[PDB]
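Where a number appears in this text, it was derived from the coordinates with a stated rule and is not lab data. Note that each Cβ is placed from the backbone with ideal geometry, even for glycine, and that neighbours are counted across all protein chains shown.
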Amino acid sequence: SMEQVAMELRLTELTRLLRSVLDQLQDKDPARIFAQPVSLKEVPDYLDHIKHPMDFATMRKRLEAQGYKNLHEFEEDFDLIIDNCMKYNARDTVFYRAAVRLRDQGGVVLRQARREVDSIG
């Protein structure tokens, strides 16, 4: 059908808008602490701590596979990154402090992305 093509023309554009937003969120991580998944070779017991690991390249695979149906699923993956980090790492660590900054600076980017998805549909 043509009603599945118009559907995909939206999804493709959501994917296009989300690609931009991920780029901005990831620019708030110049240290690249959230670029890659936590290494299981380097933290063998990590899944004993964190059940749903998340990182930017993992969100990227999913993005280019058009696996985000809406902003809300995308936002959930972003909060995983932050929230996992704040649990696994103690408060007086470079990693906990980088998450707090990422969270603060990503508020602004996400605040405008909510308006652009509502606005443009």
>> Test of understanding: extend the Cα→C-beta vector of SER20 to 7 Å, then name every residue of region 86-121 with backbone N under 15 Å from that spot.
In response: 109-121
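What are the DSSP H helices in the chain that stretch 24 Å or more along their long axis, judged by alpha-carbon atoms, and whose average Kyte-Doolittle hydropathy comes to at least 0.0?
none
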>> I'd like the distance between the alpha-carbon centres of region 91-121 and region 1-70, rounded to an integer number of Å.
In response: 14 Å
> Over its Cα atoms, what ratio of radius of gyration to 2.2 N^0.38 Å does the chain give?
Replying inline: 1.16
> From the residues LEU40, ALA90, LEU17, which one has its Cα farthest along the dipole of the chain in the positive direction, the dipole being from +1 and -1 charges on Cβ of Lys/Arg and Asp/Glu about the Cα centre?
Replying inline: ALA90
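Want the number for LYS61 to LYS41: 0.36 nm per residue separation, take away the alpha-carbon distance, what's left?
5.1 nm is the gain from fully extending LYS61 to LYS41.
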>> Treating only the Cβ of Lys, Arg, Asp and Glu as charged (+1, +1, -1, -1), what charge dipole size does the chain show about its Cα centre? Round to the nearest 20 debye.
In response: 240 debye
>> Can you find, among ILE120, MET7, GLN66, the residue sitting farthest towards the positive end of the charge dipole of the chain, where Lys and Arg contribute +1 and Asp and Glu -1 at Cβ?
In response: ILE120
> Ranked from highest to lowest mean number of other Cβ atoms within 10 Å per residue, what is the order of the peptides 75-87, 53-65?
Replying inline: 75-87, 53-65
